[PDB]
Amino acid sequence: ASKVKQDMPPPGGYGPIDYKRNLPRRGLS
Amino acid sequence: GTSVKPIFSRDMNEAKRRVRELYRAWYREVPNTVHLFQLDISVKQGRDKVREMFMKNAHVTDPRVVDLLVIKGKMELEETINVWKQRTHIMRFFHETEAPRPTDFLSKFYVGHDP
Amino acid sequence: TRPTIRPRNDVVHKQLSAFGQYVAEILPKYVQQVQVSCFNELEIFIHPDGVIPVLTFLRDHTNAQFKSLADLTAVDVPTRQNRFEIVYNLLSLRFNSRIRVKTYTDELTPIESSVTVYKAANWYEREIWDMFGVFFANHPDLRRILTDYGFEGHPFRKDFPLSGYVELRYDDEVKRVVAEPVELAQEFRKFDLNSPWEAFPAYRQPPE
Amino acid sequence: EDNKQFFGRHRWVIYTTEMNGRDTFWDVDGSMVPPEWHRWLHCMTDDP
Amino acid sequence: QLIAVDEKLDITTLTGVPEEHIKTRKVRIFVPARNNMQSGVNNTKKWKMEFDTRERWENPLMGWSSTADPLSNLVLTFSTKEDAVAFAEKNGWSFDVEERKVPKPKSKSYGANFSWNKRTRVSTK
Amino acid sequence: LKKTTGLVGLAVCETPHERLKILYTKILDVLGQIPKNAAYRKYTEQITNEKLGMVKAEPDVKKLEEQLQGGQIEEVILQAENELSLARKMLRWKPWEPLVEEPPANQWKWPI
Amino acid sequence: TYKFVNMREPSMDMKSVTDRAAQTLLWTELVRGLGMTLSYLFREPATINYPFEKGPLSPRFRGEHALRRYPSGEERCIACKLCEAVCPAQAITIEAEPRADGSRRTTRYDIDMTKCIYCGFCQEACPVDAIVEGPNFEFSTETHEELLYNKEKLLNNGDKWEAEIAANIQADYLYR
Amino acid sequence: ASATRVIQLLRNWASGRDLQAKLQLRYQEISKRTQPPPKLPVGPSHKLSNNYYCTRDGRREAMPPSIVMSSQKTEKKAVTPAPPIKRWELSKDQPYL
Amino acid sequence: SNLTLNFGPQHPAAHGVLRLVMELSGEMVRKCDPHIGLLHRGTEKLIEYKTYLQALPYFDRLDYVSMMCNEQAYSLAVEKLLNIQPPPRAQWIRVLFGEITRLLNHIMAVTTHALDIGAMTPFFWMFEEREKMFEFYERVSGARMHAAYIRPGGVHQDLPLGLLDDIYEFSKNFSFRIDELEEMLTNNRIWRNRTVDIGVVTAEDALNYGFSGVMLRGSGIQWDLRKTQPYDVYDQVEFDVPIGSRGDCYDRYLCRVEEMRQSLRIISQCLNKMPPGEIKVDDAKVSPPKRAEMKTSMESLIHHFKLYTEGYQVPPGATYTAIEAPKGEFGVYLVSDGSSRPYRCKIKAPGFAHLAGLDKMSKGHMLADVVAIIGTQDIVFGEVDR
Amino acid sequence: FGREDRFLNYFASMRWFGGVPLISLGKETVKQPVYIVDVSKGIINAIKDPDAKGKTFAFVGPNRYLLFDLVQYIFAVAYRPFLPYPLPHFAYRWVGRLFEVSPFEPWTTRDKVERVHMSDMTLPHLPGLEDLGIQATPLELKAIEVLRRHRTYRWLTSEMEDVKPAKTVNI
Ligand SMILES: C=C(C)[C@H]1Cc2c(ccc3c2O[C@@H]2COc4cc(OC)c(OC)cc4[C@@H]2C3=O)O1
Ligand code: SF4
Ligand code: SF4
């Protein structure tokens, strides 16, 4: 009478995944 | 009546004049093809091949079929002139690697199971 | 009926039926039939002489404006008098819809080229010429597109054999790639798979 | 093995210098690995 | 704008088929017989066009079945007999046509199994 | 006022109201030469009269675009030109006539 | 919902103008790219030391074919010909007959590895788990005729790779 | 990565970001190559009763296409194939790149 | 007279087997004539001799850069003709692997486009990520690229018990790789002079020439099939459609990079919202039963036999099913006569129309510009030639 | 003679020495060269011929030419300047001895010298290619496929009908 074991996300969810462009300032005047 | 639609020709006279102009074009083009493709055949051989190719379809009496054959011949000539074809495509018209398949009854009886 | 059956949308069904009403009404001269399939796809069967008018209407009318030509293909049905069935699939971005226009022809009757209506057809018709042998009148450049140079025949016809009539190999004597009658080490094995019991009674035909 | 390496370099084999009949000091290939160590080496399992 | 062609339709020159596969081939137009291993009759509805069997030999390597007939796997499906005949005629193939066979209607009766005087009575049930 | 319509090759049309009025009036004029019982004539006059009234009744460009549902009025002008061209082609083609020919007996019968 | 990729304009203040002029005349973005390439140089490469190191694989990996046996040594194949029927590439040739003890067994089982597409449909169709695609992929040959497998070659492949094939099936059969 | 701190600072300055936070190579943060067995739940139609196939037969619900004025067989407001498409919105998340 | 030149097929910049016959006045292109069919294998005629399951691997080989997408399109068409529905978990897996496939395809396209121009390094940088994604493919299916995972009833097998975590670990580091690629290319002035105002096509010309995908969105046309005609759980994910302004190579490059970012977004959402349940339609007359049931149940064995020998019969009818593949609208016109074999299967690939429009797009440009245009059209000849 | 022969290529390669040394100007020697494909077809037909068991065949070409005319035609096909000079037998034998010394394939040898300057025999009592169903191919139809490789760029596209075949001393 075992329970269902299946590939699922963990309780709650996964951590945030960064996707926006990130090009730092990295410059002088 | 049969209620049929033309492609280019109304009767066999227009089809025949189209055939004649295509033959003129091929006859003119053969020497240039021989020089460009560096063929080992003669110009007379190539013109005989052109004549034989034209004569294979001498039995057609439908102007529509004749028009379609002329269209296909124009496409072949365009491929040859633009050098889209290679030497292999030009030389496939002569069948120089195929052994002569016999025609009479006894040879067919001697070689294989089929007529 | 819920989990494993595809849901039905009747709003789109009614909309497509009404537009078929509209198209068949505007063009009685060419439209021969209008159909809507149960998965919400609209088909219009027209006389061949109306390839250029109907398409132009579907491209240029304000209520239609099907401004994209998704595909243009042919189907071979050897049992029909008109052997080849020509299919146009059009997409309307303004109304987010798709339409299908089908006509017919045989081996000797040409069809007006729709390159003027749709510039995308230029290659498509060439493929139909290459694969099926359907000639298109008034084409800017009609020639073979997919087969080899000097290839005889139109392979997509049902009577054309699967493996063709010739095969290529390199010959060392003539020092070139040559073509010879096809021979196979192992013949393609034909399987008779059709079951002797019908599956779908809804498509049963009259008992002849 | 060396678990401090990144995935791909964490397991490896040094081949023998003499297989069935030939000298394999310089001539080595991946077909010399027996099936059990083959399963271990290609990370199909975590157990040798 | 019509031209009113007269003679029989012939597209043999436009098909790319070698001559030996037109003048020497014989096609059969028929309705396939029911497979007696089964009772279903769904495969006896359409007409079929097939070609005559050619030579098959065995490969020197691996002993597979080699062929040289390009039309050995070609079967065409038609609605009526005259459609197939027209297709064969316009493609330049000689044909043999076998007329359709149907099982004649039979008079069945369950009561005949228990006849009072006829031979129809069954020994066992 | 507006800059960069956003579609490449479609320039901003300054003062589109009178351009749309001209286009719709030309479409109506060319439809006047089509037989009255033709479905194309009645349908196209209906929709173009609706559009012309909408154009006349709104001076603002943004509100006119919202009501017309035609997608960024420069495209509405393009569609008006397309409709005028189609009307001329329809006048030459005359497809309100009855069906030119019926198909063969079993041309559209599927399967087989 | 949509966004614009290239629909921005630069500022016109003299500070931004001088910044752009310095970028043009001193090549700052080229130096940034040079910097990026330089960063990679000090990083550890992703190269593995093949053949002494091997790429990661999975139990589901399908490579060279093999015919298996029962623990007693009897061949699992019962000549049902489902693998031949399902084969997309028609790469399986099977001939069968009754054995000396009446067992249903094959006399010919050939797989053309130059015809095969390694889709694994044959091991899904098999009802007795006789034909499998093993873990091996390093079986390149020097002649075309060496890639035409017969029943002896496939049985030898099974006998050679059974230890690992059984372990892979043990870790996978609960997903099938 | 086993790189020294000086080299790490050099790479971080050259690229302008922090590299050790996100490393291309997978070291030990990955899943185990040996996993426990699954259970794989069954589908909805695994009932013992009230499960006749005729009530869940998708293929037999297909019909031949409906015929809308076959040719062989009142103002009438005009229609479009579908309602006009609604205009798109400009990405409250990030409208400009 | 102009000089006639053969570009390909044995050319690094020909992207495979393409014979571009060009007439040149100097290095200025006067006409491009694309000769194709050097990879024409007769896929459609071959499909006409297979069952619906047997014909599935052909679609993997059609666009060998985006495989699960072709599988999904064919499966959607066959499902529509069968009047069946995939389970929700199957649909979520399909969308997840479609987005992974989109990432693979965009990496391939951008890196080889830059390779043609002369930027050789981002190719190496991003093919490591491509290798990790092939590891995902192999783990779920057993093949690195030709998975045959997506079936016309769902998917073949369930995800292994550690795949989602590994996909998550991959997904939280890919934005940095995109950022490094953008640092190399986006603001480089050489890249801009190579790509800006090259191959500009107007929106109306793009519509009439049959373009789709980025080729449309580079011109500013707001069209995306996943947003306008959703075909899966795509109507439950949130993302933005990148839209260009100038219709040139640079705008399309920016659009593809932003589509990679949005694919990362969709992948995150799919990882969060994966539901439980079965993976294929619970109808054994379409999808095979589980091997245990096949080995213990009579009906399961009969259905396994008949599915793997003959296959399911599809009701007669014709459909045109299209999806938003990474290269554009990928479609199939499928005609079924009621048997277990397709009667006709026409495959519509965006590359066909794009390559037909290459000659229009190359007007008034140089040889290097034509190389850039070929790169930016994102052409793979497996689908153009079929 | 053929593409890989040491008969046409041998004579064509002597252009590298400026002049062509011919013993007695090549006027005392008669040659009857045969095509390679003819020889191969004859061997095949002899394999398949049931009555060719203990027979001896002589495969010869259809035309006989003097060595001078043959070499002149060879140089005319390759469009190379023909500058022949007579060399005494002893001196040209000495040249062959000098060339024999090489540890590789010799350019010429004394035996090659003797075989080149010797007339082809006439054997009218032996069967030939016609007895095997083979019609001999004359040199004039297959010389271009061998000697086009020995042309410069300017003459590389000249046709076969441009050489005016040489004189044949037949009967
Ligand atoms: C040179 C290194 C960095 C890489 C790049 C590369 C190879 C080997 C081969 C090729 C290649 O790139 C070129 C250009 O891009 C594609 C794209 C293709 O598919 C889209 C494709 O399929 C045939 C072929 C190609 C070329 C193909 O010759 O190694
Ligand atoms: S893997 Fe696929 S192609 Fe290869 S033998 Fe098995 S079923 Fe046939
Ligand atoms: S390998 Fe399996 S499927 Fe193939 S014949 Fe043997 S038992 Fe049947």
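All values below come from the heavy atoms of this structure, side chains included, with hydrogens, waters and symmetry mates left out. Here is the naming used below: chain letters follow the sequence lines, and residue numbers restart at 1 for every chain.
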Hey, are the side chains of [X] and [Y] touching, using non-hydrogen atoms and a 4.5 Å cut-off?
X	Y	result
G:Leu30	I:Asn188	yes
I:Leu161	G:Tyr175	yes
I:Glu259	G:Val5	no
G:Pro88	I:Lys50	no
I:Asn187	G:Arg32	no
G:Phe121	I:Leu53	yes
G:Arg60	I:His156	no
I:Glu180	G:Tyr40	yes

Point to revise | Rounded distance (nearest 0.5 Å) linking atom CG of G:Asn6 with atom CZ of I:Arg252 | key: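 The CG atom of G:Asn6 sits 12.5 Å away from the CZ atom of I:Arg252.
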Revision key, fill the gap. Rounding to 0.5 Å, atoms OG1 (G:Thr1) and CG (I:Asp224) come to a distance of 11.0 Å
Heavy-atom count check: over 12 atoms from other residues, nucleotides or ligands less than 6.0 Å from [X] [atom1]?
X	atom1	result
G:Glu146	CD	yes
I:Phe305	CZ	no
G:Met12	CE	yes

Part of [X] within contact of chain G (heavy atom distance under 4.5 Å):
X	answer
I:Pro57	side chain
I:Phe239	backbone
I:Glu238	neither
I:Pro288	neither
I:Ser141	both
I:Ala292	neither
I:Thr309	both
I:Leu159	backbone

Using a cut-off of under 4.5 Å on heavy-atom pairs, state which of [options] scores highest against chain G.
options	value
I:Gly244, I:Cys255, I:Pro160, I:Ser245	I:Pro160
I:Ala55, I:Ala143, I:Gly220	I:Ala143
I:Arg151, I:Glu310, I:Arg144	I:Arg151
I:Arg217, I:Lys227, I:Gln222, I:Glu131	I:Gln222
I:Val140, I:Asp60, I:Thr51	I:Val140

Could you tell me whether the side chain of [X] and the main chain of [Y] form a donor-acceptor pair under 3.5 Å?
X	Y	answer
I:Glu138	G:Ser58	yes
I:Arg189	G:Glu29	no
I:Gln54	G:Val86	yes

Which of [options] touches chain I most, by non-hydrogen pairs under 4.5 Å:
options	result
G:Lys81, G:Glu84, G:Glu133, G:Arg43	G:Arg43
G:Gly33, G:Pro127, G:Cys87, G:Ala46	G:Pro127
G:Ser39, G:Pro56, G:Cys119	G:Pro56
G:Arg62, G:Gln23, G:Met36	G:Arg62
G:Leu34, G:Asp129, G:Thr37, G:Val128	G:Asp129

**Study point:** Intermediate values then yes/no, side-chain contact (heavy atoms from CB on, under 4.5 Å), I:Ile243 and G:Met7
**Key:** CA-CA 9 Å; I:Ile243 293 290; G:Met7 187 66 204; over 6 Å; no
Check your understanding: Is chain I contacted by the side chain of G:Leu57, its backbone, both, or neither, given a heavy-atom distance below 4.5 Å?
Key -> both
Point to revise | Toward chain I, the part of G:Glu124 with a non-hydrogen atom under 4.5 Å | key: both
